[PDB]
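First comes the structure, then the notes that go with it.
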Amino acid sequence: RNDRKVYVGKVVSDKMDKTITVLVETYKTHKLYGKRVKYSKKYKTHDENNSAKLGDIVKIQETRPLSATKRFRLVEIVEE
Amino acid sequence: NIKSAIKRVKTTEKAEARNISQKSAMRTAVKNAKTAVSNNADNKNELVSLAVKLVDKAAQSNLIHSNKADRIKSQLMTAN
Amino acid sequence: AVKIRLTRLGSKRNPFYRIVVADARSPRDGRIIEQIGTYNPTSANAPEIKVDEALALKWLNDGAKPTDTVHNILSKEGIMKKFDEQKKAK
RNA sequence: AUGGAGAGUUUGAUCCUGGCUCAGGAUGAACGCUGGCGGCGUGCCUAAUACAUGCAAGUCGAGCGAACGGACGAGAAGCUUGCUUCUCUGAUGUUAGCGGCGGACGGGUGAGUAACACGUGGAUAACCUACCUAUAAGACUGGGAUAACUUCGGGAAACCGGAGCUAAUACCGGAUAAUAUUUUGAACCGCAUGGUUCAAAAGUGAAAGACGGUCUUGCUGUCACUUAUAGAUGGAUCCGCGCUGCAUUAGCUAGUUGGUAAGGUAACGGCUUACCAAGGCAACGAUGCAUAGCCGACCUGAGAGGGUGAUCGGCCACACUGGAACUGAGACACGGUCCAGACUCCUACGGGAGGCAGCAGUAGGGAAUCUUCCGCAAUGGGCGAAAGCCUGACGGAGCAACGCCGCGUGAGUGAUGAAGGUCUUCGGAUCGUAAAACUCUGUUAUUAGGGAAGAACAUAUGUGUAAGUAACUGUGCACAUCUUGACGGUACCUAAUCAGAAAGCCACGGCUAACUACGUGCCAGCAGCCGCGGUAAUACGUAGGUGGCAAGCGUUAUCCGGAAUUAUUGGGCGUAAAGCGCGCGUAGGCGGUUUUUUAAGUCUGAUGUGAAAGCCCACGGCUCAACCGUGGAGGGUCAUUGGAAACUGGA
Ligand SMILES: [Mg+2]
Ligand SMILES: [Mg+2]
Ligand SMILES: [Mg+2]
Ligand SMILES: [Mg+2]
Ligand SMILES: [Mg+2]
Ligand SMILES: [Mg+2]
Ligand SMILES: [Mg+2]
Ligand SMILES: [Mg+2]
Ligand SMILES: [Mg+2]
Ligand SMILES: [Mg+2]
């Protein structure tokens, strides 16, 4: 089986129902200067049991579109 | 303008007339069956079978796609 | 459907062809699936033909169909007999 | 190591800072002057303005009824046995219509689009797919109609309506047949949802013939048909990352964000609708505004960069404007339909017709961009069993120095330095070996002969072979034979004749290679900048001479360079432009020493991929070159996976 992409980030919003927003931080090198700059993307993730809470590190895997904006699911909670 | 196009207009109309009649007959059957299942009528099974038959025949004529036919057959048959 | 055909190259009054597997609806000198060989009609009074038997046979098996000139080429290179032999043997 | 030039101009003079300007390269260029040819390319960038005319999509009689044509050849003698009719047979054929397939391709354009549109890398346990290939199982039994046609009727027309009649591989019922649908057993498995496989029932779903062979009260070949499952192909969705300016645009959003349920779609999903909650996005630039098809590439630069997105290829979007569905495997459809609008046209005023951003071509706009051509011979596509038909795709031809490359406009000898022009110290000097003269050549030109490749074929005709069959015909495969070229009597070749017909353009104060005379006199003019010209101008205009290029040479426009003048490479801020008046601090950036560990950055491999074309390198083919072909090399901030661990990060 081909593998879906997996990301690790911190939950920044738990307000929505059965949903958590996970901020994934990556570095983008400047094309000219060459310095890496911190960049963040919020990924809307499915949390069926409303298990996760703001401030917990989480592992998310890509899925089929589960909503208008939700494309990922919560694999596990790495830290709390 | 073009001769084959002028012919295509006629054949489309004839096709459309046959198609709309058959689609209406199927649509009536599914409606009638659904009401029968909901009302728990004594004719539930007979009406459901008529619906499935007409739906199945519609799929072969390519009036509806097979996936819709399967959806409709399934929803009726789950109900009965 | 899928077709093994000649795509034109070269210059005016100097044709060169690549033997390619293409969808029929594709333009002659446009999108292709794979190139299997080349054919040069005007070269040294003898058609110069390069063809990959492994590729040609794979495509012929999967239902690709030659144009008439390509069939002549695959006959000249012996691929069409090989196709028949295997297919009869099957 | 293959690659890197500077100059003028601020001053009385100077060094520095600093802008301005120039020498280079490039173009779908245009304009001015001029103009021999060939090869290979390129040629509406503006009005997605409006479009006269022809053409750009058909095909199939081996699906079907019918009609025409009526051979071969049936009867009487007009006494005309060469002409005659219906009382026949009626062959090869052909066509309007029905039906199938195609018309969703190919071709055009870049308006819209700042978006998963595109590029690159992944995912679909959320998909769909005519034709083609393969395998398996089938193709049973009936029926009712309708074009064409005939007749009647209504219309100016376009084109409708009624009655009667008639086929199909047209249409429809029933039978039989699913891995499809429901339900119940299991077994194994992944990445939530879930996938897979095997059993037991239930409801429900097909089809078709045509043309041939034969041993013909029945088998069979080819093609067509149906269902199921694969392959191939094409399409769809999602996502990571990359991909544009403006904050004198800071807030934005209410199907909006999520959930639940239902409907809907190939399919996941606020996709939609009710219901519930208040979410979602934004200084890591939301929202708005402006502009724009994107890419492979292309131009420039030593490079890093900067600029651009013609031709060709890929992807996307559009088809008078706007909306919509129908048919279909596929369209919400350039040369289909319906409606609305604008425009154009016809009319009997009731109502009709139309869409060049297909190829030519026309008008208009513009600085500016081609022939109303030839052929399906080649390659490719649609239809057909096939011959074949259709094909403005395409192959060719035409026009244009528009570009690139190649070759010409002569060559040898030639002092006797002629004549003449120009200058002059009046000695001469220069044009000038230039000319003439003499000799020679024929690229080219002209004339006359010869004369390619591009052609593979398909088909048909034999022979063999393979599968299948009782056998045959066919079918696949192999080998022979005939026949097919728009260009075109073109390219090329040969012979004869002739230096005869074939050079222009800009510049010459400096940058910057090349100076004098005369005219003119801050005028007329020149000019990229410094400037030049007011009476002895190498700067104006002309002449002689010279220089640089050459079928071109100049000018203008635009981009990169020089410009280290946005400086990562590669600059600065005491007085030249530039340190916030100064604190307190938030985000962010950055951070002392050792050990252990990890491996995100870093380093080193492997695998997949980054189309083709192009660039580069090599080789080969064109008389050379341009050009063409082939093979490498290169191109990611790429993904996946294996190592190393100093440094950065994490613990
Ligand atoms: Mg635009
Ligand atoms: Mg430079
Ligand atoms: Mg069309
Ligand atoms: Mg048109
Ligand atoms: Mg030249
Ligand atoms: Mg001048
Ligand atoms: Mg620079
Ligand atoms: Mg100052
Ligand atoms: Mg201070
Ligand atoms: Mg390439």
Side-chain angles (χ1 to χ4, degrees), chain A residues 1-5 13 15-19 21 27-34 36-42 44 46 48 61-71 73-75, chain B residues 1-6 8-9 11-13 15-16 18-19 45 48-49 52-53 55-57 59-60 62 65-70 73-74 76-78 80, chain C residues 1-3 5-17 23-33 35 38-45 47 50 59-65 67-69 72-73 75 80-81 83-85 87-88:
Chain A
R1 287 196 72 187
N2 305 354
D3 301 63
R4 303 202 184 186
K5 295 288 181 174
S13 179
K15 300 305 301 295
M16 294 160 295
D17 184 57
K18 299 186 187 193
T19 301
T21 315
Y27 290 86
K28 30 191 51 177
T29 178
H30 198 280
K31 59 190 191 308
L32 201 60
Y33 301 131
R36 306 201 305 136
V37 186
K38 287 185 180 178
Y39 152 84
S40 300
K41 185 107 140 304
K42 267 178 295 180
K44 298 288 197 58
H46 194 38
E48 187 69 55
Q61 191 167 7
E62 221 175 10
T63 66
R64 61 177 163 66
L66 306 168
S67 181
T69 201
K70 292 169 53 175
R71 309 289 182 249
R73 73 190 180 70
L74 177 63
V75 182
Chain B
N1 292 305
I2 282 164
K3 175 172 179 180
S4 66
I6 300 163
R8 273 284 181 179
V9 177
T11 60
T12 291
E13 294 165 1
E16 185 182 359
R18 301 187 316 249
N19 295 356
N45 297 1
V48 166
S49 303
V52 169
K53 165 209 285 280
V55 157
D56 269 301
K57 288 163 156 283
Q60 204 160 10
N62 302 304
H65 195 267
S66 183
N67 289 49
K68 187 181 187 167
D70 295 355
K73 285 178 307 189
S74 172
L76 264 57
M77 292 184 65
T78 300
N80 177 55
Chain C
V2 186
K3 299 208 53 53
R5 55 186 193 183
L6 299 172
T7 181
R8 195 185 155 118
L9 287 91
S11 46
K12 193 167 60 60
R13 310 309 194 66
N14 176 54
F16 181 95
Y17 300 93
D23 174 301
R25 310 180 291 293
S26 257
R28 186 191 65 187
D29 300 356
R31 174 175 166 179
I32 66 165
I33 306 160
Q35 181 193 357
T38 61
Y39 157 70
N40 193 357
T42 55
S43 48
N45 305 119
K50 180 180 182 60
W59 282 115
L60 283 168
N61 286 5
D62 290 0
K65 283 195 167 180
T67 57
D68 296 1
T69 303
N72 296 349
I73 289 158
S75 79
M80 292 317 304
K81 192 175 60 180
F83 186 35
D84 180 59
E85 288 175 357
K87 198 159 45 61
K88 297 286 177 55

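Scope of the values below: all heavy atoms of this structure, side chains included, with no hydrogens, waters or symmetry mates. Within every chain, numbering begins at 1; the chains are lettered A, B, ... in the order of the sequence lines, protein sequences first and strands thereafter.
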Anti or syn, where syn is a glycosidic angle within 90° of 0; which label fits D/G270? syn

Torsion-based syn/anti label for D/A157, 90° from 0 as limit: anti

Within the distance-only criterion (no hydrogens, no angle test), does the side chain of A/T29 pair as donor or acceptor with the backbone N or O of A/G34 below 3.5 angstrom? yes

Does this structure show an ion pair linking A/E48 with A/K18, if we count only N-O contacts that are shorter than 4.0 Å? yes

Would you say D/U257 pairs with D/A277 if a pair means Watson-Crick or G-U wobble with both distances under 3.5 Å? yes

Rounded to the nearest 0.5 Å, what's the gap from OG1 on A/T69 to CE on A/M16? Could you check? 9.0 Å

Quick test of your reading: by the Watson-Crick or G-U wobble rule with a 3.5 Å threshold, is D/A199 paired to D/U597? no

For D/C275, does the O4'-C1'-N9-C4 (purine) or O4'-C1'-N1-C2 (pyrimidine) torsion place it in syn, i.e. within 90° of 0, or in anti? anti

If I pick the P atom on D/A550 and the same atom on D/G554, what distance separates them, to the nearest angstrom? 10 Å

With sugar-phosphate meaning primed atoms plus P, OP1 and OP2, does A/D17 contact a base, only sugar-phosphate, or nothing at under 4.0 Å between heavy atoms? sugar-phosphate

For atom CZ of C/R8 and atom P of D/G381, their distance in whole Å: 16 Å

Both distances under 3.5 Å, Watson-Crick or G-U wobble: does D/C289 pair with D/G462? no

So C/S11, base contact, sugar-phosphate only, or nothing? Heavy-atom distance under 4.0 Å. sugar-phosphate

Protein-nucleotide distance (C/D23, atom CG; D/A329, atom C1'), rounded to Å: 14 Å

For D/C394, does the base pair up with any side-chain atom of C/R28 as donor and acceptor (N or O, under 3.5 Å, distance only)? no

Please measure how far the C1' atom in D/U391 lies from the corresponding atom in D/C359, and state the result in whole Å. 13 Å

Any side-chain donor near an acceptor of the partner, A/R4 and A/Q61, under 3.5 Å: no

In whole Å, measure the gap between the P atoms of D/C33 and D/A507 for me. 15 Å

Taken to the nearest whole Å, CG/B/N19 to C1'/D/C171 is 12 Å

Would D/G352 and D/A353 count as a stacked step, six-ring centres under 5.5 angstrom and planes under 30 degrees apart? yes

Distance check, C1' atoms only: D/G301 and D/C628, in whole angstrom units. 31 Å

With D/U558 and D/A26, is there a Watson-Crick or G-U wobble pair, both distances less than 3.5 Å? yes

May I ask you to say what C/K88 touches in the nucleic acid, namely base, sugar-phosphate or nothing, with a heavy-atom cut-off under 4.0 Å? base

Base rings of D/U443 and D/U444 under 5.5 Å apart and under 30° in plane angle? yes

Whole angstrom is fine here: how far is it from NZ in A/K28 over to P in D/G636? 20 Å

Distance, rounded to the nearest Å, where C/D29 contributes CG and D/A378 contributes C1': 13 Å

D/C215 and D/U216 stacked at 5.5 Å and 30° limits: no

Between D/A52 and D/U542, is there Watson-Crick or G-U wobble pairing, both distances under 3.5 Å? no

Whether D/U463 and D/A290 form a base pair should be assessed as Watson-Crick or G-U wobble, both distances under 3.5 Å. Do they? no

Given the cut-offs of 5.5 Å for six-ring centres and 30° for planes, are D/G534 and D/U535 stacked? no

Can you tell me the base-pairing partner of D/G61? Count Watson-Crick or G-U wobble geometry only, both distances below 3.5 Å, and say none if there is no partner. none

Which label fits D/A386, syn or anti, where anti is any glycosidic angle not within 90° of 0? anti

Can you confirm whether D/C549 and D/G504 pair in Watson-Crick or G-U wobble fashion, both distances under 3.5 Å? yes

Do the side chain of B/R8 and the base of D/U327 come within less than 3.5 angstrom through a donor-acceptor pair of N or O atoms? no

Please tell me whether A/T19 and A/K70 have a donor and an acceptor in their side chains that are separated by less than 3.5 angstrom. yes

What interatomic distance, in whole Å, is found between P of D/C616 and the corresponding atom of D/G285? 41 Å

Could you check if D/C532 and D/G525 make a Watson-Crick or G-U wobble pair, where both distances must be under 3.5 Å? yes

With heavy atoms under 4.0 Å as the rule, sort C/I73 into base, sugar-phosphate or nothing. nothing

Could you check how far CZ of A/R1 sits from P of D/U640, rounded to whole Å? 17 Å

What do you reckon, do D/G6 and D/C22 form a Watson-Crick or wobble pair with both distances under 3.5 Å? yes

Test if D/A134 is paired with D/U568, treating Watson-Crick and G-U wobble as valid and requiring both distances under 3.5 Å. no

Please classify the nucleic acid contact of A/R71 as base, sugar-phosphate, or nothing, using heavy-atom distances under 4.0 Å. sugar-phosphate

Applying a 4.0 Å non-hydrogen cut-off, can you work out what A/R64 is touching in the nucleic acid: base, sugar-phosphate, or nothing? base

Sugar-phosphate only, base, or nothing, as touched by C/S43 at under 4.0 Å among non-hydrogen atoms: nothing

Now, which nucleotide makes the Watson-Crick or G-U wobble pair with D/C79, with each of the two distances under 3.5 Å? none

Do A/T63 and A/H46 pass the side chain to side chain contact (heavy atoms under 4.5 Å, CB included) test, and can you show the C-alpha distance, the side-chain angles, and the key distance before you say yes or no? CA-CA 10 Å; A/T63 66; A/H46 194 38; over 6 Å; no

Consecutive bases D/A342, D/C343 stacked per 5.5 Å and 30° rule: yes

Whole Å only: how far is the CD atom of A/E62 from the P atom of D/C116? 16 Å

Separation of atom CG in B/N80 from atom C1' in D/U181, rounded to whole Å: 12 Å

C1' atom, D/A290 versus D/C22: distance in rounded Å? 37 Å

Name the nucleic acid region contacted by C/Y17, choosing base, sugar-phosphate or nothing; use a 4.0 angstrom heavy-atom cut-off, strictly under. sugar-phosphate

Is C/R13 side chain donor-acceptor paired with the D/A491 base, going by distance under 3.5 Å alone? no

For A/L32, report the nucleic acid contact type (base, sugar-phosphate, nothing); a contact means any heavy atom under 4.0 Å. base

Using the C1' atoms only, state how far D/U546 lies from D/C515, rounded to an integer number of Å. 8 Å

At 4.0 Å (heavy atoms only), tell me whether B/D70 reaches a base, stays on the sugar-phosphate, or touches nothing. sugar-phosphate

Regarding C/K50, tell me which of base, sugar-phosphate or nothing describes its non-hydrogen contacts under 4.0 Å with the strands shown. nothing

Complementary nucleotide of D/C615, counting Watson-Crick and G-U pairs under 3.5 Å: none

If I pick the P atom on D/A645 and the same atom on D/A563, what distance separates them, to the nearest angstrom? 49 Å

Can you name the closest pair of heavy atoms from B/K73 and B/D56 and give their distance? NZ-OD1, 2.9 Å

At under 4.0 Å between heavy atoms, what does A/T29 touch on the DNA or RNA strands: base, sugar-phosphate, or nothing? nothing

At 4.0 Å (heavy atoms only), tell me whether A/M16 reaches a base, stays on the sugar-phosphate, or touches nothing. sugar-phosphate

In Watson-Crick or G-U wobble terms, with both distances under 3.5 Å, the base opposite D/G32 is D/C553

Mind checking B/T78 for me? I need base, sugar-phosphate or nothing, with any heavy atom below 4.0 Å counting as a touch. sugar-phosphate

